[PDB]
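Content type compact mmCIF, C-alpha atoms, from the file data_10.txt:
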# COMPACT_ATOMS: atom_id res chain seq x y z
CA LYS K 1 211.46 -27.35 -49.32
CA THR K 2 209.00 -28.63 -46.70
CA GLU K 3 210.10 -28.90 -43.06
CA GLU K 4 208.01 -29.35 -39.91
CA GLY K 5 208.39 -29.89 -36.17
CA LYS K 6 205.92 -32.63 -35.26
CA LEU K 7 205.71 -36.41 -35.48
CA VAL K 8 202.69 -38.53 -34.82
CA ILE K 9 202.84 -42.29 -34.46
CA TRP K 10 199.97 -44.71 -34.11
CA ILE K 11 200.71 -48.07 -32.50
CA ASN K 12 198.46 -50.63 -30.81
CA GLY K 13 201.14 -52.43 -28.82
CA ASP K 14 200.70 -50.50 -25.57
CA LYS K 15 204.25 -49.17 -25.08
CA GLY K 16 207.21 -47.41 -26.70
CA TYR K 17 206.68 -43.94 -25.21
CA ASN K 18 210.18 -43.70 -23.67
CA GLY K 19 212.12 -44.59 -26.81
CA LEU K 20 209.89 -42.97 -29.43
CA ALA K 21 209.56 -39.74 -27.43
CA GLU K 22 213.23 -39.82 -26.40
CA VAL K 23 214.38 -40.16 -30.01
CA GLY K 24 212.27 -37.42 -31.53
CA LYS K 25 213.43 -35.26 -28.61
CA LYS K 26 216.92 -35.76 -29.92
CA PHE K 27 215.63 -34.59 -33.35
CA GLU K 28 214.08 -31.61 -31.58
CA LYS K 29 217.26 -30.69 -29.72
CA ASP K 30 218.97 -30.49 -33.09
CA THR K 31 216.25 -28.36 -34.68
CA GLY K 32 212.73 -29.60 -35.31
CA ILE K 33 211.01 -32.65 -33.80
CA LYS K 34 208.10 -33.37 -31.46
CA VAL K 35 206.80 -36.93 -31.54
CA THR K 36 203.52 -38.27 -30.15
CA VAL K 37 202.42 -41.92 -29.90
CA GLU K 38 198.78 -43.00 -29.55
CA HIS K 39 197.41 -46.48 -28.79
CA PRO K 40 193.59 -46.50 -29.30
CA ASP K 41 191.14 -49.29 -30.20
CA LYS K 42 189.75 -47.90 -33.48
CA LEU K 43 193.32 -46.87 -34.51
CA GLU K 44 192.72 -48.62 -37.84
CA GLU K 45 189.28 -47.11 -38.57
CA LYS K 46 190.21 -43.88 -36.83
CA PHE K 47 193.38 -43.51 -38.85
CA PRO K 48 191.63 -43.70 -42.29
CA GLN K 49 188.84 -41.50 -40.95
CA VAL K 50 191.15 -38.97 -39.49
CA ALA K 51 193.52 -39.39 -42.42
CA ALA K 52 190.71 -38.17 -44.65
CA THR K 53 189.47 -35.17 -42.64
CA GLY K 54 192.81 -33.49 -41.98
CA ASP K 55 195.50 -35.32 -40.02
CA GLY K 56 198.78 -35.23 -41.95
CA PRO K 57 201.76 -35.88 -39.60
CA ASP K 58 200.81 -39.24 -38.05
CA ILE K 59 201.68 -42.80 -39.06
CA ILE K 60 199.81 -46.07 -38.43
CA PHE K 61 201.11 -49.35 -37.00
CA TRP K 62 198.95 -52.49 -37.15
CA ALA K 63 198.75 -55.94 -38.78
CA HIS K 64 199.17 -56.07 -42.58
CA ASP K 65 195.98 -58.08 -43.24
CA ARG K 66 193.60 -55.10 -42.97
CA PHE K 67 196.44 -52.77 -43.89
CA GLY K 68 196.38 -54.82 -47.08
CA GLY K 69 192.75 -54.12 -47.61
CA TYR K 70 192.77 -50.57 -46.33
CA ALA K 71 195.81 -50.23 -48.60
CA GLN K 72 193.57 -51.01 -51.58
CA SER K 73 190.35 -49.21 -50.58
CA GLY K 74 190.94 -48.00 -47.01
CA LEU K 75 193.76 -45.45 -46.89
CA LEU K 76 197.35 -46.62 -47.26
CA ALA K 77 199.91 -44.80 -49.43
CA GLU K 78 201.46 -47.58 -51.54
CA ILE K 79 205.09 -46.46 -51.36
CA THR K 80 206.93 -46.06 -54.67
CA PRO K 81 209.69 -48.34 -56.07
CA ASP K 82 213.21 -48.05 -54.66
CA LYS K 83 216.48 -50.02 -54.84
CA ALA K 84 218.57 -50.31 -51.66
CA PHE K 85 215.43 -49.78 -49.55
CA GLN K 86 213.76 -53.05 -50.52
CA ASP K 87 217.14 -54.57 -51.44
CA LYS K 88 218.46 -53.94 -47.90
CA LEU K 89 215.85 -56.01 -46.00
CA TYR K 90 215.37 -59.80 -45.89
CA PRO K 91 213.07 -61.88 -48.14
CA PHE K 92 210.78 -63.26 -45.39
CA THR K 93 209.75 -60.52 -42.91
CA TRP K 94 209.52 -57.98 -45.73
CA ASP K 95 207.86 -60.39 -48.16
CA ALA K 96 204.96 -60.67 -45.71
CA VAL K 97 204.16 -57.00 -46.37
CA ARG K 98 205.28 -56.91 -50.01
CA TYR K 99 203.26 -56.59 -53.25
CA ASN K 100 204.24 -57.29 -56.88
CA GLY K 101 207.38 -55.15 -56.79
CA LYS K 102 205.56 -52.99 -54.24
CA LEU K 103 205.04 -52.44 -50.47
CA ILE K 104 203.12 -49.98 -48.29
CA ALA K 105 204.89 -50.22 -44.88
CA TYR K 106 207.54 -51.69 -42.58
CA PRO K 107 206.88 -54.84 -40.46
CA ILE K 108 207.42 -54.97 -36.70
CA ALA K 109 206.02 -58.29 -35.46
CA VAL K 110 206.12 -61.90 -36.66
CA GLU K 111 203.13 -64.05 -35.76
CA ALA K 112 203.82 -67.82 -35.95
CA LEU K 113 203.84 -71.06 -34.07
CA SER K 114 206.29 -73.42 -32.38
CA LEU K 115 206.23 -76.65 -30.33
CA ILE K 116 206.79 -76.31 -26.57
CA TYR K 117 207.98 -79.22 -24.43
CA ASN K 118 207.05 -79.68 -20.79
CA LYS K 119 210.03 -80.83 -18.65
CA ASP K 120 209.78 -80.80 -14.78
CA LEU K 121 206.45 -82.64 -14.63
CA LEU K 122 205.61 -83.63 -18.21
CA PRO K 123 207.31 -86.18 -20.52
CA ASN K 124 206.86 -85.45 -24.26
CA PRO K 125 206.94 -87.70 -27.38
CA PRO K 126 209.80 -87.92 -29.93
CA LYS K 127 208.10 -86.96 -33.25
CA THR K 128 204.47 -88.13 -33.63
CA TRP K 129 201.19 -86.81 -32.25
CA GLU K 130 200.06 -90.41 -32.89
CA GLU K 131 201.40 -91.18 -29.38
CA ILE K 132 198.30 -89.43 -27.87
CA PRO K 133 196.22 -92.64 -27.90
CA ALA K 134 199.14 -94.37 -26.13
CA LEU K 135 200.61 -91.58 -23.94
CA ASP K 136 197.18 -90.06 -23.33
CA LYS K 137 195.83 -93.54 -22.67
CA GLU K 138 198.34 -93.55 -19.77
CA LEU K 139 197.19 -90.09 -18.72
CA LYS K 140 193.56 -91.29 -18.73
CA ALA K 141 194.72 -93.97 -16.29
CA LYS K 142 195.02 -91.18 -13.70
CA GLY K 143 193.00 -88.23 -14.93
CA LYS K 144 194.83 -86.19 -17.59
CA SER K 145 196.03 -85.92 -21.24
CA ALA K 146 199.35 -85.46 -23.09
CA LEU K 147 198.33 -82.39 -25.05
CA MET K 148 195.91 -79.53 -24.35
CA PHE K 149 195.03 -76.47 -26.40
CA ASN K 150 192.25 -74.41 -28.08
CA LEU K 151 189.17 -76.26 -29.47
CA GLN K 152 187.83 -74.46 -32.51
CA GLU K 153 190.21 -72.03 -34.23
CA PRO K 154 191.57 -71.53 -37.76
CA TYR K 155 195.15 -70.17 -37.96
CA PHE K 156 196.32 -73.11 -35.74
CA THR K 157 193.67 -75.77 -36.23
CA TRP K 158 193.51 -74.64 -39.88
CA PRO K 159 197.29 -75.26 -40.23
CA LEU K 160 196.92 -78.93 -39.19
CA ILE K 161 194.04 -79.51 -41.57
CA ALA K 162 196.42 -77.89 -44.10
CA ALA K 163 199.12 -80.52 -43.43
CA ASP K 164 198.00 -82.99 -46.11
CA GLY K 165 197.38 -80.48 -48.92
CA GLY K 166 194.45 -78.04 -48.64
CA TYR K 167 195.82 -74.52 -49.20
CA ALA K 168 193.68 -71.43 -48.62
CA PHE K 169 193.81 -69.60 -51.95
CA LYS K 170 195.91 -70.27 -55.10
CA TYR K 171 198.84 -67.92 -55.14
CA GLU K 172 200.19 -67.69 -58.63
CA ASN K 173 202.71 -65.00 -59.46
CA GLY K 174 199.82 -62.58 -59.64
CA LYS K 175 197.47 -63.48 -56.73
CA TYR K 176 195.10 -66.28 -55.48
CA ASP K 177 192.65 -64.14 -57.30
CA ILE K 178 189.46 -66.07 -56.43
CA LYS K 179 188.70 -68.80 -59.02
CA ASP K 180 191.40 -71.07 -57.52
CA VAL K 181 190.46 -72.14 -53.97
CA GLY K 182 192.12 -75.36 -52.87
CA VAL K 183 191.37 -75.45 -49.17
CA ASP K 184 188.70 -78.13 -49.37
CA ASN K 185 191.00 -80.73 -50.91
CA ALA K 186 191.73 -84.35 -49.94
CA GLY K 187 194.27 -82.93 -47.51
CA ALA K 188 191.88 -80.59 -45.72
CA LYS K 189 189.58 -83.58 -45.38
CA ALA K 190 192.38 -86.04 -44.52
CA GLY K 191 193.79 -83.47 -42.10
CA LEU K 192 190.57 -82.66 -40.28
CA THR K 193 189.93 -86.41 -40.51
CA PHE K 194 192.86 -87.28 -38.21
CA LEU K 195 191.60 -84.48 -35.98
CA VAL K 196 188.15 -86.05 -36.02
CA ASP K 197 189.88 -89.31 -34.97
CA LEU K 198 191.28 -87.70 -31.82
CA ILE K 199 187.91 -86.27 -30.82
CA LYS K 200 186.19 -89.45 -32.08
CA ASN K 201 187.66 -91.54 -29.31
CA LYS K 202 189.32 -89.58 -26.48
CA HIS K 203 188.29 -85.91 -26.58
CA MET K 204 184.74 -87.12 -27.30
CA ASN K 205 183.22 -83.62 -26.97
CA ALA K 206 184.58 -80.38 -28.44
CA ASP K 207 183.12 -77.43 -26.51
CA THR K 208 186.34 -76.51 -24.68
CA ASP K 209 186.65 -72.80 -25.42
CA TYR K 210 189.63 -70.48 -25.58
CA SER K 211 189.04 -69.19 -22.09
CA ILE K 212 188.04 -72.63 -20.87
CA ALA K 213 190.83 -74.49 -22.66
CA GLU K 214 193.01 -71.79 -21.11
CA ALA K 215 191.80 -72.91 -17.70
CA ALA K 216 192.70 -76.51 -18.64
CA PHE K 217 196.39 -75.70 -19.20
CA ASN K 218 195.99 -73.40 -16.17
CA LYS K 219 195.73 -76.49 -13.96
CA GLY K 220 198.44 -77.97 -16.15
CA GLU K 221 197.34 -81.58 -16.54
CA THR K 222 198.72 -81.93 -20.08
CA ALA K 223 202.24 -82.65 -21.20
CA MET K 224 202.45 -80.84 -24.59
CA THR K 225 201.07 -78.01 -26.76
CA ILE K 226 201.92 -76.29 -30.05
CA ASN K 227 202.07 -72.46 -29.71
CA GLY K 228 204.19 -69.45 -30.71
CA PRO K 229 204.50 -65.62 -30.71
CA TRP K 230 200.96 -65.22 -32.07
CA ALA K 231 198.23 -66.77 -29.91
CA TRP K 232 200.06 -66.69 -26.57
CA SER K 233 202.27 -63.59 -26.37
CA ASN K 234 202.10 -63.44 -22.57
CA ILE K 235 202.81 -67.07 -21.64
CA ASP K 236 201.04 -68.10 -18.42
CA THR K 237 202.24 -70.33 -15.57
CA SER K 238 203.16 -73.25 -17.85
CA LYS K 239 206.16 -74.61 -15.93
CA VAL K 240 209.26 -72.40 -16.10
CA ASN K 241 211.25 -75.36 -17.47
CA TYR K 242 210.04 -75.89 -21.05
CA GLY K 243 211.66 -76.70 -24.39
CA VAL K 244 211.23 -74.72 -27.61
CA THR K 245 210.92 -76.71 -30.85
CA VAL K 246 209.84 -76.60 -34.49
CA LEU K 247 206.31 -77.91 -35.23
CA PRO K 248 205.97 -81.73 -35.49
CA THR K 249 205.02 -83.87 -38.48
CA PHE K 250 201.71 -85.06 -39.89
CA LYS K 251 200.89 -87.39 -42.79
CA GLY K 252 204.30 -86.34 -44.20
CA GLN K 253 203.67 -82.59 -44.04
CA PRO K 254 204.02 -79.53 -41.75
CA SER K 255 200.97 -77.54 -40.61
CA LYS K 256 200.31 -74.31 -42.49
CA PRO K 257 200.74 -71.27 -40.16
CA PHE K 258 198.87 -68.00 -40.70
CA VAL K 259 201.28 -65.16 -41.56
CA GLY K 260 201.31 -62.03 -39.45
CA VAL K 261 203.03 -58.72 -40.27
CA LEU K 262 202.46 -56.02 -37.69
CA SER K 263 203.54 -52.96 -39.69
CA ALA K 264 203.49 -49.11 -39.57
CA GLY K 265 203.05 -47.63 -43.04
CA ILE K 266 203.10 -43.94 -44.15
CA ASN K 267 199.49 -42.70 -44.98
CA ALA K 268 197.29 -43.04 -47.99
CA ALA K 269 198.45 -40.65 -50.71
CA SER K 270 201.71 -39.33 -49.15
CA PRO K 271 202.33 -37.85 -45.64
CA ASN K 272 205.39 -35.52 -45.54
CA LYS K 273 207.81 -38.20 -46.76
CA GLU K 274 210.88 -35.96 -46.24
CA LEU K 275 210.69 -35.93 -42.42
CA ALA K 276 209.39 -39.49 -41.99
CA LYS K 277 211.65 -40.92 -44.72
CA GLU K 278 214.88 -39.58 -43.16
CA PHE K 279 214.25 -40.20 -39.45
CA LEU K 280 212.77 -43.65 -40.09
CA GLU K 281 215.72 -44.34 -42.36
CA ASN K 282 218.37 -42.78 -40.06
CA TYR K 283 216.96 -43.89 -36.68
CA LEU K 284 214.88 -47.06 -37.10
CA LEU K 285 218.14 -48.30 -38.66
CA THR K 286 219.89 -47.79 -35.31
CA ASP K 287 220.07 -49.70 -32.05
CA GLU K 288 218.29 -46.59 -30.64
CA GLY K 289 215.16 -46.83 -32.74
CA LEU K 290 215.05 -50.55 -33.36
CA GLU K 291 216.38 -51.49 -29.86
CA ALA K 292 214.50 -48.77 -27.93
CA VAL K 293 211.34 -50.21 -29.30
CA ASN K 294 212.56 -53.80 -28.74
CA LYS K 295 213.14 -53.05 -25.01
CA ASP K 296 209.68 -51.56 -24.89
CA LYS K 297 208.61 -54.59 -26.95
CA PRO K 298 207.64 -57.86 -25.16
CA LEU K 299 209.47 -60.83 -26.73
CA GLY K 300 208.26 -62.05 -30.11
CA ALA K 301 208.25 -59.50 -32.94
CA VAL K 302 210.39 -57.90 -35.67
CA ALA K 303 211.83 -54.56 -36.92
CA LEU K 304 214.34 -54.57 -39.83
CA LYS K 305 216.99 -57.18 -40.75
CA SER K 306 219.85 -55.82 -38.59
CA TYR K 307 217.54 -55.62 -35.59
CA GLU K 308 216.22 -58.98 -36.75
CA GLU K 309 219.64 -60.34 -35.87
CA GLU K 310 219.80 -58.64 -32.46
CA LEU K 311 216.16 -59.48 -31.80
CA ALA K 312 216.71 -63.02 -33.12
CA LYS K 313 218.80 -63.62 -29.95
CA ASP K 314 215.60 -65.08 -28.49
CA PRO K 315 214.72 -68.62 -29.73
CA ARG K 316 211.15 -67.43 -30.37
CA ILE K 317 211.80 -65.22 -33.43
CA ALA K 318 213.87 -67.81 -35.34
CA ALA K 319 210.92 -70.22 -35.20
CA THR K 320 208.45 -67.36 -35.66
CA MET K 321 210.02 -66.40 -39.00
CA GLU K 322 210.66 -69.98 -40.17
CA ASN K 323 206.92 -70.74 -40.06
CA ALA K 324 205.73 -67.25 -41.04
CA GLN K 325 207.36 -67.73 -44.46
CA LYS K 326 206.44 -71.42 -44.87
CA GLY K 327 202.68 -70.94 -44.66
CA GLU K 328 199.76 -68.82 -45.86
CA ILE K 329 199.62 -65.02 -45.76
CA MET K 330 196.05 -63.76 -45.29
CA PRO K 331 194.64 -62.70 -48.72
CA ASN K 332 193.77 -59.08 -49.54
CA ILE K 333 190.02 -59.09 -50.21
CA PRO K 334 186.77 -58.75 -48.17
CA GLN K 335 185.64 -62.26 -49.26
CA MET K 336 187.64 -63.78 -46.35
CA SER K 337 184.43 -63.53 -44.30
CA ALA K 338 182.84 -66.06 -46.68
CA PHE K 339 185.37 -68.69 -45.60
CA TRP K 340 185.54 -68.06 -41.85
CA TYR K 341 181.77 -68.54 -41.82
CA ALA K 342 181.83 -71.51 -44.23
CA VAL K 343 184.72 -73.39 -42.59
CA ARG K 344 183.43 -72.77 -39.06
CA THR K 345 180.09 -74.07 -40.21
CA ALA K 346 181.64 -77.03 -42.06
CA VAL K 347 183.97 -77.77 -39.09
CA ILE K 348 180.93 -77.86 -36.80
CA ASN K 349 179.31 -79.76 -39.70
CA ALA K 350 181.81 -82.61 -39.27
CA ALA K 351 181.78 -82.61 -35.44
CA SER K 352 178.07 -83.36 -34.87
CA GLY K 353 177.30 -85.93 -37.54
CA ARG K 354 174.64 -83.90 -39.17
CA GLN K 355 177.02 -83.29 -42.06
CA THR K 356 177.34 -81.82 -45.54
CA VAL K 357 180.77 -80.27 -45.00
CA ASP K 358 182.43 -80.97 -48.33
CA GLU K 359 179.39 -79.56 -50.08
CA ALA K 360 178.37 -76.67 -47.86
CA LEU K 361 181.96 -75.49 -47.80
CA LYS K 362 182.73 -76.55 -51.39
CA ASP K 363 179.69 -74.76 -52.69
CA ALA K 364 180.86 -72.02 -50.35
CA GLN K 365 183.91 -71.73 -52.62
CA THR K 366 181.48 -71.46 -55.54
CA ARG K 367 179.65 -68.64 -53.75
CA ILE K 368 182.67 -66.81 -52.32
CA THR K 369 184.29 -67.08 -55.77
CA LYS K 370 181.08 -66.57 -57.78
Target encoding structure tokens, full file:
Amino acid sequence: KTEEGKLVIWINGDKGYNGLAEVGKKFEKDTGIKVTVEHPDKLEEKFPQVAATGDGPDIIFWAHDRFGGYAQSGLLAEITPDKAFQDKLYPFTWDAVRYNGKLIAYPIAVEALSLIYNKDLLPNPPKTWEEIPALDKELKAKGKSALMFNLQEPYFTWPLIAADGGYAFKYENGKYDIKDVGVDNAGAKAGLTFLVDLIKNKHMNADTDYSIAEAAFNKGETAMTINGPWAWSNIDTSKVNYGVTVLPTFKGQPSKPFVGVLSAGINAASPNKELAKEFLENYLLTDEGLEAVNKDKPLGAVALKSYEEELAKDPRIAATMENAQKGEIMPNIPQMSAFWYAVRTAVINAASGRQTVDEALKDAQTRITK
């Protein structure tokens, strides 16, 4: 047999020392556990680098996107096939970090987006953004707008442009692969087109940055935004009284949200599965593990179906999962850089009138895929 008396856990959430340390203590008091939790910046690069020299006892917790990649070439130990293990979780939060009858980790955070309504000093529309011209027109009359938010990001802005019908990659049983890229479709155009309409007459310019746009809502002269447990985890002074709703409609379709799985997997190759497999299985599946973290946790996030229910208590998660599953999960290849650069260029290509967006970006597909 192989028994030890140490437990290392890597997490980049900034918390969970009381519960993680308190639990392992319990394992120690019975006969063999000492758990440590580190929260560095290179955690991801460090982990695979340390993993390779001589780390051993020590797990890693971070988004699935790079864990996907690292999983392929980086340093994740693609767990083996089980029955009740995968059969005991739910289809959405576990499907985010799931491969063709495979999976290299457990998720613990759902990134998504919901509609928030301003009450006290902000009257919102019933179902269409189309009201902006009208409702914003009224705001203009004084000095404000109905809706304020970012001004150049994918994930969220991407989702809208996705409304009509431009998906990222083509997911087909196997994988998007590469030769099927349908982002730059009539819907991406049509979608960004309606966006261009907004900026075309009211917004006019489009240099409001994340930090600057942040300042805009900071003063609070807008009566509506679309956000969720992903871009704004630590909500700012945005009127205590606010509603929490599902995203709105657009050209007969819902915006495509980017899917986020914050998950801690067991190494690349196989790190003492006996100790980690039992505790994780016997504690994480307890209100002590799952809920001790949760308390440490902030608000939006995840950690196993049962705890999904307890955690679900908050209106955030329910919406967070609803969108997380009905959207696009970041691929699993290094080519993603080709798009971010192409779409950001193309986007800027459409906003200044010097264009060649369809082509620059379309051809981009040709390049990124060929």
> So how far away is CA of residue 358 (chain K) from CA of residue 336 (chain K), in Å?
Replying inline: 18.1 Å
> Which one is closest to residue 253 (chain K): K:79, K:190, K:343, K:51? Count all atoms listed in the file.
Replying inline: K:190
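Closest to residue 239 (chain K) among K:157, K:218, K:100, K:349 is K:218, based on only C-alpha atoms.
For the pair CA of residue 348 (chain K) and CA of residue 207 (chain K), the interatomic distance is 10.5 Å.
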>> So that I can see what lies close to residue 290 (chain K), please list as a VMD selection string the residues with an atom at most 7 Å from it, counting all atoms listed in the file and leaving out residues fewer than 4 positions away in the same chain.
In response: chain K and resid 284 to 286 294 303 307
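Residue nearest residue 245 (chain K), chosen from K:114, K:320, K:369, K:86 and counting all atoms listed in the file: K:114.
Using all atoms listed in the file, the smallest distance between any of K:252, K:272, K:141, K:85 and residue 3 (chain K) comes from K:272.
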Using only C-alpha atoms, I'd like a table of the residues in region 198-289 of chain K that come within 12 Å of region 164-169 of chain K; for each, show the closest atom pair and its distance in Å rounded to one decimal, ordered by chain and ascending number, as a Markdown table.
| residue | atom | partner | partner_atom | distance |
| --- | --- | --- | --- | --- |
| K:249 | CA | K:164 | CA | 10.4 |
| K:250 | CA | K:164 | CA | 7.5 |
| K:251 | CA | K:164 | CA | 6.2 |
| K:252 | CA | K:164 | CA | 7.4 |
| K:253 | CA | K:164 | CA | 6.0 |
| K:254 | CA | K:164 | CA | 8.2 |
| K:255 | CA | K:164 | CA | 8.3 |
| K:256 | CA | K:167 | CA | 8.1 |
| K:257 | CA | K:167 | CA | 10.8 |
| K:258 | CA | K:168 | CA | 10.1 |
>> Between CA of residue 73 (chain K) and CA of residue 45 (chain K), what is the distance in Å, rounded to a tenth?
In response: 12.2 Å
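Using all atoms listed in the file, the nearest neighbour of residue 46 (chain K) within the list K:74, K:206, K:237, K:223 is K:74.
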>> Given the point (204.4, -67.1, -27.7) in the file's coordinates, find the residues that have an atom at most 12 Å from it, counting all atoms listed in the file, and give them as number ranges by chain.
In response: K: 109-116, 225-236, 238, 244, 298-301, 314-317, 319-320
> Which residue out of K:181, K:278, K:295, K:172 has the minimum interatomic distance to residue 367 (chain K) when all atoms listed in the file are used?
Replying inline: K:181
> Got a sec: who's within 12 Å of residue 359 (chain K), counting only C-alpha atoms, leaving out chain neighbours fewer than 3 positions off, as JSON, numbers by chain?
Replying inline: {"K": [184, 185, 189, 342, 343, 345, 346, 349, 350, 355, 356, 362, 363, 364, 365, 366, 367]}
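Taking all atoms listed in the file, the non-local environment of region 120-135 of chain K within 7 Å (same-chain residues fewer than 4 positions away omitted) comprises residues 139, 146, 223, 224, 241, 248 and 249 of chain K.
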Please rebuild region 241-266 of chain K with N, CA and C atoms and return the result as a tab-separated table (two decimals), keeping the file's coordinate frame.
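So the final result, stored in rebuild_39.tsv, reads:
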chain	number	residue	atom	x	y	z
K	241	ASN	N	210.39	-74.49	-16.67
K	241	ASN	CA	211.25	-75.36	-17.47
K	241	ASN	C	210.47	-75.94	-18.65
K	242	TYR	N	210.72	-75.41	-19.85
K	242	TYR	CA	210.04	-75.89	-21.05
K	242	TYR	C	210.93	-75.76	-22.28
K	243	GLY	N	210.85	-76.74	-23.18
K	243	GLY	CA	211.66	-76.70	-24.39
K	243	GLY	C	210.99	-75.90	-25.49
K	244	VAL	N	211.77	-75.50	-26.50
K	244	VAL	CA	211.23	-74.72	-27.61
K	244	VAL	C	211.61	-75.32	-28.96
K	245	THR	N	210.65	-75.95	-29.63
K	245	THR	CA	210.92	-76.71	-30.85
K	245	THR	C	210.07	-76.32	-32.06
K	246	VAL	N	210.50	-76.82	-33.21
K	246	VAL	CA	209.84	-76.60	-34.49
K	246	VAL	C	208.58	-77.45	-34.50
K	247	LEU	N	207.54	-77.11	-35.25
K	247	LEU	CA	206.31	-77.91	-35.23
K	247	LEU	C	206.62	-79.36	-35.63
K	248	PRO	N	205.76	-80.31	-35.20
K	248	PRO	CA	205.97	-81.73	-35.49
K	248	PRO	C	205.53	-82.11	-36.90
K	249	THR	N	205.40	-83.41	-37.16
K	249	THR	CA	205.02	-83.87	-38.48
K	249	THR	C	203.58	-84.37	-38.49
K	250	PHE	N	203.07	-84.58	-39.70
K	250	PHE	CA	201.71	-85.06	-39.89
K	250	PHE	C	201.56	-85.52	-41.34
K	251	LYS	N	201.10	-86.76	-41.48
K	251	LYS	CA	200.89	-87.39	-42.79
K	251	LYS	C	201.98	-86.99	-43.80
K	252	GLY	N	203.20	-86.72	-43.31
K	252	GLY	CA	204.30	-86.34	-44.20
K	252	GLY	C	204.28	-84.87	-44.59
K	253	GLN	N	203.73	-84.02	-43.73
K	253	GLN	CA	203.67	-82.59	-44.04
K	253	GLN	C	203.55	-81.72	-42.79
K	254	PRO	N	204.07	-80.48	-42.85
K	254	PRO	CA	204.02	-79.53	-41.75
K	254	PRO	C	202.78	-78.63	-41.82
K	255	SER	N	202.16	-78.38	-40.67
K	255	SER	CA	200.97	-77.54	-40.61
K	255	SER	C	201.21	-76.15	-41.17
K	256	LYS	N	200.20	-75.62	-41.86
K	256	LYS	CA	200.31	-74.31	-42.49
K	256	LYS	C	199.95	-73.18	-41.53
K	257	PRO	N	200.95	-72.39	-41.09
K	257	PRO	CA	200.74	-71.27	-40.16
K	257	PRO	C	200.21	-70.03	-40.86
K	258	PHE	N	199.38	-69.26	-40.15
K	258	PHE	CA	198.87	-68.00	-40.70
K	258	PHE	C	199.97	-66.94	-40.55
K	259	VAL	N	200.19	-66.14	-41.59
K	259	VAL	CA	201.28	-65.16	-41.56
K	259	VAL	C	200.90	-63.78	-41.05
K	260	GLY	N	201.63	-63.33	-40.03
K	260	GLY	CA	201.31	-62.03	-39.45
K	260	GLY	C	202.42	-61.00	-39.55
K	261	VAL	N	202.09	-59.83	-40.12
K	261	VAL	CA	203.03	-58.72	-40.27
K	261	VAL	C	202.44	-57.51	-39.56
K	262	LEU	N	202.96	-57.21	-38.37
K	262	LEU	CA	202.46	-56.02	-37.69
K	262	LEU	C	203.27	-54.83	-38.20
K	263	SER	N	202.70	-54.00	-39.08
K	263	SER	CA	203.54	-52.96	-39.69
K	263	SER	C	203.00	-51.54	-39.75
K	264	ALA	N	203.87	-50.53	-39.50
K	264	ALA	CA	203.49	-49.11	-39.57
K	264	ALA	C	203.84	-48.57	-40.95
K	265	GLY	N	202.82	-48.21	-41.73
K	265	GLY	CA	203.05	-47.63	-43.04
K	265	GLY	C	202.84	-46.11	-43.03
K	266	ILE	N	203.33	-45.39	-44.04
K	266	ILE	CA	203.10	-43.94	-44.15
K	266	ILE	C	201.81	-43.80	-44.95
